[PDB]
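**Student:** The data below comprise the sequence and an experimental structure of the protein.
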Amino acid sequence: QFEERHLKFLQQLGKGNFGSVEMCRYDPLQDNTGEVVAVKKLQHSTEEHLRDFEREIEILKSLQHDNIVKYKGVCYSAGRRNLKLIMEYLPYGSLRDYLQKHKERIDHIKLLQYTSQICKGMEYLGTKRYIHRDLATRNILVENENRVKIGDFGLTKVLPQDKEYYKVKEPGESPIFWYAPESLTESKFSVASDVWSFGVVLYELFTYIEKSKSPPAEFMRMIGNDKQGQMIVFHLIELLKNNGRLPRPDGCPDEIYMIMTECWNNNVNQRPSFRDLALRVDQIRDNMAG
Ligand SMILES: c1cc2c(ncc3ncn(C4CCNCC4)c32)[nH]1
């Protein structure tokens, strides 16, 4: 129930293939005492893209969890229906940027804490048969030193009643370096495809986001940087098909790297569950404690 006139633009928080997110202050009193919120809108507003957004809004409105970014509401001139999603604003921003800025403060124990939180949110999603389909550190938000949330659901899809995967091919650019093989080859997205991406997220975390060590770089290094266009995808597939994998990050413990590789099983059903992951991560943490 947000009125556009009282939305004061502060800054840009991010961009998407066809969306963006702004930091705004909602100040109806025009006394500058309103809260600061996050606003997502569309850049390309095709009837198709609207359908998706409306669905994204529904999905988010339907989620209630400590590790999921809070839906605050919607706004639209009515008007040509210039739809806008209002979410809570997280002051520490994306886990990706945070992690980078504070590598010196954040130890492995702490990475495991966030890791575990992510699993709990992912598990909550799978509960509603939602496939996230864009798991990444950019897309995790930091609410405070001790808590993260999943903060974007632009690509999230709901599973059909009678199937455990969803087939979908997206126009233009895909985060292929986070994509599971069946996603690359069949455009198949399942909880298990989400676990594959989680593995990469875990990887991201333990690279502390050093640029030379990113998935795209590490894979391109592995494929050879002469590759371009479609060819990149094709080599990527061949590479994974032959058990090529991202390397253990500098300083990563073997037990942690093992979790990553279990996530990066070619064999879809041999990938762990989010509940399993959380338990194993938590067990590990406990062992770190003493
Ligand atoms: C909602 C998003 C959101 C937020 N609060 C702070 C954020 N910083 C970056 N983001 C991005 C925007 C681009 N997509 C990933 C999240 C933030 N609240």
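**Tutor:** Thanks, I have it. Numbers count the residues shown, from 1 in each chain.

**Student:** Tally up the residues packed near residue 174, please.
**Tutor:** The number of residues packed around residue 174, counting by other CB atoms under 10 Å, is 18. The way it works is simple: take the backbone N, C-alpha and C, and place the C-beta from them, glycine included.

**Student:** again with residue 246
**Tutor:** 21.

**Student:** Over to residue 17?
**Tutor:** Residues contacting residue 17 under the criterion other CB under 10 Å number 14.

**Student:** Check residue 273 too.
**Tutor:** Using other CB under 10 Å, residue 273 has 15 neighbouring residues.

**Student:** All the helices of the stretch 51-200 of the chain, residue numbers only.
**Tutor:** 95-101, 108-127, 181-186, 191-206 (DSSP state H, counting those that start in this stretch).

**Student:** Of those helices, give the one that comes closest to the ligand.
**Tutor:** Ranking the helices of the stretch 51-200 of the chain by proximity to the ligand (CB to the nearest ligand atom) places helix 95-101 first, at 7.8 Å.

**Student:** follow-up on the earlier one: deepest-packed of the helices of the stretch 51-200 of the chain, please.
**Tutor:** Of all these, helix 191-206 carries the top mean neighbour count, a mean of 24, counting by mean count of other CB atoms under 10 Å.

**Student:** Just confirm yes or no for that one near the ligand.
**Tutor:** No: contact of helix 191-206 with the ligand is not found when judged by CB under 6 Å from any ligand atom; the minimum separation is 13.8 Å.

**Student:** Could you export the helices of the stretch 51-200 of the chain to TSV, including columns for distance to residue 286?
**Tutor:** Listed next are the helices of the stretch 51-200 of the chain as TSV, based on distance: least, CB to CB, whole Å:
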stretch	distance to residue 286
helix 95-101	23
helix 108-127	10
helix 181-186	33
helix 191-206	18
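
**Student:** for the ligand, what are the nearby residues on this protein?
**Tutor:** Counting by CB under 6 Å from any ligand atom, the chain comes close to the ligand at 13-14, 21, 38, 69, 87, 89-90, 93-94, 138-139, 141, 151-152.

**Student:** Narrow those to those in strands?
**Tutor:** Using DSSP state E, the members of these that fall within strands are 13, 14, 21, 38, 87, 141.

**Student:** and which of those residues is nearest to the ligand?
**Tutor:** Each of those was scored against the ligand by CB to the nearest ligand atom, and residue 14 proved nearest at 2.2 Å.

**Student:** give the contact list for the closest one.
**Tutor:** 20, 21, 94, 138 (CB atoms under 8 Å, 6 or more residues apart in numbering).

**Student:** Could you export the residues you listed as a markdown table, including neighbour count and distance to residue 55?
**Tutor:** Compiled in a markdown table, those are given as follows (neighbours: other CB atoms under 10 Å; distance: CB to CB, whole Å):
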| residue | neighbour count | distance to residue 55 |
| --- | --- | --- |
| 20 | 14 | 18 |
| 21 | 19 | 18 |
| 94 | 21 | 23 |
| 138 | 17 | 22 |
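
**Student:** would JSON lines of those with distance to residue 290 be doable?
**Tutor:** As requested, the contacts of residue 14 are arranged in JSON lines below (distance: CB to CB, whole Å):
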{"residue": "20", "distance to residue 290": "46"}
{"residue": "21", "distance to residue 290": "42"}
{"residue": "94", "distance to residue 290": "33"}
{"residue": "138", "distance to residue 290": "34"}
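
**Student:** In space, what's closest to the residue nearest to the spatial centre of the chain - neighbours in sequence excluded?
**Tutor:** Within the chain, the residue whose C-alpha comes closest to the C-alpha centroid is residue 135; the distance, by CA atoms, centre = their mean, is 3.1 Å. Nearest residue to residue 135 in three dimensions, chain neighbours excluded: residue 197, at 3.8 Å (CB to CB, 6 or more residues apart in numbering).

**Student:** now swap in residue 146 and tell me
**Tutor:** In space, residue 146 comes closest to residue 113 once its chain neighbours are excluded; the distance is 6.9 Å by CB to CB, 6+ apart.
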